[PDB]
Structures are given as C-alpha cells and as structure tokens.
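Peer 1: PDB entry and its sequence, pasted below:
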Amino acid sequence: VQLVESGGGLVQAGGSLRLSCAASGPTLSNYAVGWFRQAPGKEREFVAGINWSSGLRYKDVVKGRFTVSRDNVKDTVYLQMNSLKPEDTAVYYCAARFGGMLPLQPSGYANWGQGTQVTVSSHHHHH
Amino acid sequence: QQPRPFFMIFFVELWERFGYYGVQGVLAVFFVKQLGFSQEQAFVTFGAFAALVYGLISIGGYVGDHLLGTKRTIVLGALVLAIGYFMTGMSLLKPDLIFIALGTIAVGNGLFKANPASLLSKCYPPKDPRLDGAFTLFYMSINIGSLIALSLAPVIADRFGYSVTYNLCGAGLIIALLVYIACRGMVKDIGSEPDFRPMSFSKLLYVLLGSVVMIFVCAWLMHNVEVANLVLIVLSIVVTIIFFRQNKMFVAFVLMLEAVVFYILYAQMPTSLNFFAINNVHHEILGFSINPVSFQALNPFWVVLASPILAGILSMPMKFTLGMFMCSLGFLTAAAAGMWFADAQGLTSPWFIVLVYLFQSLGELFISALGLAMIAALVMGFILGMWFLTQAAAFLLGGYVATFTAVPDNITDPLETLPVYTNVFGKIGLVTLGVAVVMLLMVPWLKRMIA
Ligand SMILES: CCCCCCCCCCCCO[C@@H]1O[C@H](CO)[C@@H](O[C@H]2O[C@H](CO)[C@@H](O)[C@H](O)[C@H]2O)[C@H](O)[C@H]1O
Ligand SMILES: CCCCCCCCCCCC
Ligand SMILES: CCCCCCCCCC
Ligand SMILES: CCCCCCCC
Ligand SMILES: CCCCCC
C-alpha cells in the first residue's frame, strides 16, 4: 500500500541504472507494477510495467533499452535501464494496481512510491 | 421480538455463511494466481465446484429428516465443513489436496445447508404470524455473513496469504459449532423425529461412508470437468425423459427452465463479473481504495438493504418474470458502461458496477428467494432431485459461459479486454431480455394452470 523505490542517481549517456520497487504489507505478487516518470515541466507518463502474471507493457521510446522484471521471492519489481540518454532524465515513480492490467494514465493506480531522481548527462570522456 | 432459539439459529447461519463465502470470493483468483490455472480453466473448475455445492444440498434435508435428526446433522455438517476449510488451508503446503478439500466443503455444505432452516421452522407454532418476519431476518443473516466475508476475505488473502484466510473460514465454522453447543438447551424440544430416539450407529456409518465416497467423486469431477459435463448431460436428458413420461408439473418444468437461466447469470459474479471489475473498473470509490475482488460484496449488501423494504411491499409468475427483467438490465448496464462510459485508458466508474449488482440482487430477491418455496406450492422427492440436478447443470453452464470473457495472462491493455467483456455481457443481456419477454407472454396461461 506504500511502495519504496530504491536505485536512482546520476549516470553518463550510455550508462545503466536499476530501480527497484518493494511493498510493505500487501504482497506485490498480486499487483501490476508500472513505472512512471515526470520530467521537469511535463506530466507523469507511463514508462514500463509488469502485471501479476508476467505480461509486460512498454512505452515505445524505451523498447529495446529498458527491462521490467520481477523477483517474486524478494517480492520486488525491477526496472533495468540501459543505453540511457539525457531525455531519460526525470523523477521515476513505481505504482501498483491489483490485477493483470497496466493502464497508461496515473489514475489507474492506487499505490504510489515517493519518487527517485534519475539524471543522465551528455558527459563523454575527452578525446 | 423473536423466540430465543431464533438468535442461536441466526448466528450459526451467519458464521457458516462467512466461511463459505470466504472461500467463494477468493477461489477463482486463487485458481489463477496460486495454482497458475488459466482464466478459462479457473472459470470451468469454479463452475464444477459451484455445481456440486448446490447439487448436494438435496442430501442434507433427507439425512436430517430421516437418518440422524436435524440437530445431529447440524453438528456433523459443521464438523465436515471445518475439516474442509482447514484442508483447503493445508492445500498450500500440499497442493494435491486442493480438490479433495473442495469436495469436503461441497459435501459438508450439502449436509448442513437445509437444516438450520428446518429448525427455525420448528421454533414457531404452526400458524404464528412472525414466521415471515423471522425468515426474512434469516435471509438477512445469510447475507450479513456473506457481506463480511466477501468484503474482508480478499483483503486478508492479500495481506496475510491464503492459508490464513482458509483457516479463518474454519474458525468461523468452529465458533458456529461452539455457539450451537452452548445454546443447545434452547432447542431441547425442537428437532425432527430421529433427533429424539437414540442415534442409530448403523445409519451414522452409512452417512460417513457415503460422505467419503462423495468427497472423492467430487474431487474427481472437479479435476475432470469434461466427464462432469457428460455425467450431467446424460443425467439431465434421462431425468427429463422420466419427467415427461410421468399440468402443474409442466408449469414447474417451465419455471425450472427459467431458474436455470437465472443461475447461469448468478454464476457470473465470482467469475466474469469478478474479473471485469479487476481489469476494466477503477479500484476506488468515494475516495477509498478497495480490493476489486471485494466488489462481490455488493450482492449481499443490496440484499441486506432490499429484503426489509421488499418485504414491506401477478404473484409467483410475475415475480419470476420481473426478476428475469432485472437480471437482463444488470448485464445490459454492464455492457453499456463498457461501450460508452469508459476512460481513454479503458476503465469505467465503479458506480456502474454498483448499479449492475443492484439489478442482479433484485433479480435474486424476486426469483431464488421465491422459487422452490412455491414450486413446493405446485407439487415430490423426484422434483426436488430434478431441481437440484438442473441447477447444478446451471452452474456448470455458467462456468462455460464465463469462459467467453477469459483473458490470457499476457494481455495488459484494458482497451483489449473491454470489448470482450462488453460483447459477452451485451449478448447475455439481450438473450435474458428475450427470455423475460417470453416469460411475460406466458404469465397468463401459467397463472391459469396454477388454479
Ligand atoms: C465495495 C466493497 C468494499 C469492501 C470494503 C473494504 C473493507 C475494509 C478494508 C479493511 C480496512 C481497510 O484496510 C485496507 O484499506 C485500504 C484503503 O482503505 C484498502 O486498499 C489497500 O489494500 C488492498 C488489498 O489489501 C489493495 O487492493 C489496495 O489497492 C490497497 O490500496 C483495502 O480495502 C484494505 O486492505
Ligand atoms: C454423540 C456421540 C457421537 C458418536 C461418534 C461416533 C464416531 C464413530 C466413528 C466411525 C469411524 C468410521
Ligand atoms: C491431510 C491429507 C493431506 C494429503 C496431502 C496429499 C498431497 C501429496 C503431495 C505429494
Ligand atoms: C448432537 C451430537 C451429534 C454427534 C454427531 C457427530 C458425528 C461424528
Ligand atoms: C440445456 C442447455 C444445454 C446447452 C448445451 C450446449
């Protein structure tokens, strides 16, 4: 009912981060966990999600780069972000809804994490 | 207002029904999440389970009236039911137990269900006016127990797991048994005839032997619904042949065909309507988040409120026809809400599901409350057999119908599932409307035949 996100931070373009979401009380096993993000001055948008029986949904611009997965022993959901780009900078939230569906807007989800900042710099070592 | 044993019976019934609906409200979700059944498999297995739970209700009346006495059979049924609930909680350690445990619940419920009713009938002089009042509060007891279980059981299963839910179901039964054993003196002069001669151990052994046999046959049939389909099909065609060989009875047959349609619709609440609320409705009402599986509680809720009112306020034929029109409107409301009143993300207001469950519950108050109590006004033992047979068939067919709304575990878009629910609920509603229009047309002829 309250979810805790860990794992954000700062990374250079092309790097990788891994976020993770865990719940305290209800078993996240019965839940579709979607990951949303809000960039400065836009709305929360759906990024990526897994439902209660391993169906996956992905926003088009992260396909091939992000992977949602679920550890049902640790009761944790993961978002692996590879090939990170500056336009991926945002506050990232996890959200949980009972069932097999992953709706696209935030109003379909009752339980929200607090948010983790993810920043991707254009930094490249000097040539 | 009421005799003292009335309150004992009220609360034994409340607690037994809590255990039962504690199981019923989570069972299809448990088939899907815990046993990893697909939704189609979960739906047909639930259909078989419901069918057995209902078909075996015929046994407990005969066993209480003639073999062991009403009160002895209340005790025995409570014990077998509690064993079944703890066996279902044990199924999580030992998965292969599941079907045996469900069979134990079915047979347990079979022995128990008819009997508190009987006992309450014997708490009143034969033409006491308070009988109707008392029976409506008994139905309200059934439905308070059902309300609490359907509301809290899914929450408990989510926060503590299924073993704890099913063990609480058992504990409810155990305290029903404890309140009966405490208040036993209140009913010392109440009972059927075998209740007052010493207990015949020959008959008790026949009852235990046959119970065990039926537990195993139940488990076999719920594991193999395709032979349950054929068992019931051939049983149905044969008992129809022997009914036609032997016209108040013909009016009873037409009424049973109508009750069959009602039970096919009733069967949807724990399956397709349940998964519709999971997949395409907002899980928030009046600002509160709810477990969507708890939405089933809307049926007993509306019963609990509508039964006093409607007891305050044609006869049997119109009341059956009315109830069918109500059920039709419930499924047409579900279809409408899906086709026109949905969010861009494919979700609908839970007020539409509140209204669906209203229409359904009113159809229940008009039909299943008002059916065999006055199918018995048209008739005997053979037609009770055929009634329970055909209503078990109804629940099997309900599970098969629910499978038309089955969603694969890998779909995650509500705009993919919403057209499936609305097609099926719309056609269910259109067919039930046609069935109700035919019922309306037959109301006058039927009403002559009852004379
Ligand atoms: C329409 C019928 C309504 C059923 C009545 C609900 C029974 C009351 C719940 C027990 C007391 C509240 O306890 C808790 O409250 C929060 C918000 O209130 C609810 O919601 C929370 O838990 C449930 C299941 O665990 C999750 O599906 C839900 O998304 C989560 O936010 C649950 O209902 C209940 O777990
Ligand atoms: C009140 C007397 C209860 C009698 C209990 C007898 C139990 C017989 C067990 C037979 C096992 C198959
Ligand atoms: C109380 C009877 C429990 C029976 C369990 C059978 C399951 C066997 C799993 C190997
Ligand atoms: C009133 C006591 C009935 C005992 C029946 C129990 C069967 C084992
Ligand atoms: C009595 C209805 C049976 C339908 C089987 C397809």
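Peer 2: That came through, no problem. Numbers count the residues shown, from 1 in each chain, chains lettered A, B, ... in the order given. Ligands and ions are numbered 1, 2, ... in the order given.
Peer 1: Closest approach to ligand 4 from the stretch 201-350 of chain B, which residue is it?
Peer 2: Of all residues in the stretch 201-350 of chain B, the one sitting closest to ligand 4 is residue B:204 (6.2 Å; Cβ to the nearest ligand atom). For the C-beta atoms, the positions are set from N, CA and C on the backbone; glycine is no exception.
Peer 1: show me what contacts that residue?
Peer 2: B:67, B:68 (Cβ atoms under 8 Å, 6 or more residues apart in numbering or on different chains).
Peer 1: so which helix or strand takes in it?
Peer 2: helix B:201-223 (DSSP states H and E).
Peer 1: tally of neighbours for whichever residue of the stretch 251-400 of chain B sits closest to ligand 3?
Peer 2: In the stretch 251-400 of chain B, no residue comes nearer to ligand 3 than residue B:399, which is 25.2 Å away by Cβ to the nearest ligand atom. When neighbours are counted by other Cβ atoms under 10 Å in any protein chain shown, residue B:399 registers 27.
Peer 1: Once you drop chain neighbours, what's closest to it?
Peer 2: Nearest non-adjacent residue to residue B:399, counting by Cβ to Cβ, 6 or more residues apart in numbering or on different chains: residue B:47, 1.8 Å away.
Peer 1: Tell me how many other residues crowd residue B:189.
Peer 2: When neighbours are defined as other Cβ under 10 Å, residue B:189 has 10 of them.
Peer 1: which SS class is it?
Peer 2: coil (DSSP: H, G, I helix; E, B strand; the rest coil).
Peer 1: Relative to ligand 4, which residue of chain A is the closest?
Peer 2: residue A:27 (38.1 Å).
Peer 1: same question, the stretch 351-451 of chain B
Peer 2: residue B:388 (24.0 Å).
Peer 1: Tell me, how many residues neighbour the residue nearest to that residue when sequence neighbours are not counted?
Peer 2: Using Cβ to Cβ, 6+ apart and skipping residues adjacent in sequence, the residue nearest residue B:388 is residue B:58, 4.4 Å away. By other Cβ under 10 Å, the residues close to residue B:58 number 20.
Peer 1: and the gap between residue B:58 and residue A:62?
Peer 2: Distance from residue B:58 to residue A:62, counting by Cβ to Cβ, to the nearest Å: 59 Å.
Peer 1: And residue B:266, by the same measure?
Peer 2: 45 Å.
Peer 1: after the host helix or strand of the residue nearest to residue B:399, next one along is what?
Peer 2: Assigned by DSSP H and E, residue B:47 belongs to helix B:39-55. Counting by DSSP H and E, the next helix or strand C-terminal to helix B:39-55 is helix B:57-62.
Peer 1: just to confirm, which helix or strand has whichever residue of the stretch 51-200 of chain B sits closest to chain A in it?
Peer 2: Residue nearest to chain A within the stretch 51-200 of chain B (Cβ to the nearest Cβ): residue B:158, separated by 5.0 Å. Assigned by DSSP H and E, residue B:158 belongs to helix B:131-160.
Peer 1: any idea how far that helix is from the chain center?
Peer 2: Helix B:131-160 sits 12 Å away from the centroid of its parent chain (Cα atoms, centre = their mean, to the nearest Å).
Peer 1: Is residue B:199 in contact with residue B:68, as I believe?
Peer 2: Yes. The pair residue B:199 / residue B:68 is scored as a contact, 6.5 Å apart, by Cβ atoms under 8 Å.
Peer 1: got the buried residues for stretch A:18-35?
Peer 2: Within stretch A:18-35, the residues scored as buried using 16 or more other Cβ atoms under 10 Å in any protein chain shown are A:19-23, A:26, A:28, A:30-35.
Peer 1: CA-only coordinates of that stretch, as PDB, when you get a sec.
Peer 2: Taking C-alpha atoms only, stretch A:18-35 is exported to PDB below (Å, rounded to 0.1, in the frame of the first residue of the first chain):
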ATOM      1  CA  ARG A  18      18.500  -0.200 -12.000                       C
ATOM      2  CA  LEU A  19      15.500   0.800 -10.000                       C
ATOM      3  CA  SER A  20      13.600  -1.500  -7.700                       C
ATOM      4  CA  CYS A  21      10.200  -1.300  -6.000                       C
ATOM      5  CA  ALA A  22       9.100  -3.100  -2.900                       C
ATOM      6  CA  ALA A  23       5.900  -3.000  -0.900                       C
ATOM      7  CA  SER A  24       5.300  -3.100   2.900                       C
ATOM      8  CA  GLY A  25       2.300  -5.200   3.900                       C
ATOM      9  CA  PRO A  26       0.500  -6.400   0.800                       C
ATOM     10  CA  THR A  27       2.400  -8.900  -1.300                       C
ATOM     11  CA  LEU A  28       3.400  -7.200  -4.600                       C
ATOM     12  CA  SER A  29       2.700 -10.600  -6.200                       C
ATOM     13  CA  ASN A  30      -1.000  -9.700  -6.700                       C
ATOM     14  CA  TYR A  31      -0.100  -6.400  -8.400                       C
ATOM     15  CA  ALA A  32       0.700  -5.000 -11.800                       C
ATOM     16  CA  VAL A  33       3.600  -2.600 -11.100                       C
ATOM     17  CA  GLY A  34       4.100   0.200 -13.600                       C
ATOM     18  CA  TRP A  35       6.900   2.700 -13.700                       C
END
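Peer 1: That one near chain B anywhere?
Peer 2: Yes. Interface with chain B: stretch A:18-35 contributes A:25, A:26, A:27, A:29, A:30, A:32 (Cβ under 8 Å from any Cβ of the partner chain).
Peer 1: for stretch B:94-101, which positions count as buried?
Peer 2: Buried residues in stretch B:94-101, defined by neighbour count with 16+ other Cβ under 10 Å: B:97, B:98, B:99, B:100, B:101.
Peer 1: From these, list the ones also adjacent to ligand 3.
Peer 2: Among the buried residues of stretch B:94-101, the ones lying near ligand 3 by Cβ under 6 Å from any ligand atom are residue B:97.
Peer 1: mind listing which of the buried residues of stretch B:94-101 are in helices?
Peer 2: Among these, the members falling in helices (DSSP state H) are B:98, B:99, B:100, B:101.
Peer 1: Please list all residues in contact with residue 39.
Peer 2: Picking chain A for this. Residue A:39 sits next to A:87, A:89, A:90, A:91 when contact means Cβ under 8 Å, 6+ apart.
Peer 1: meant chain B actually
Peer 2: Going by Cβ under 8 Å, 6+ apart, residue B:39 touches B:32, B:275, B:403, B:406, B:407, B:408, B:409.
Peer 1: so the spatially closest residue to residue B:446 that is not a sequence neighbour is in which element?
Peer 2: Counting by Cβ to Cβ, 6+ apart, the nearest residue to residue B:446 once its immediate chain neighbours are dropped is residue B:317, at 4.7 Å. Element membership for residue B:317, per DSSP H and E: helix B:315-340.
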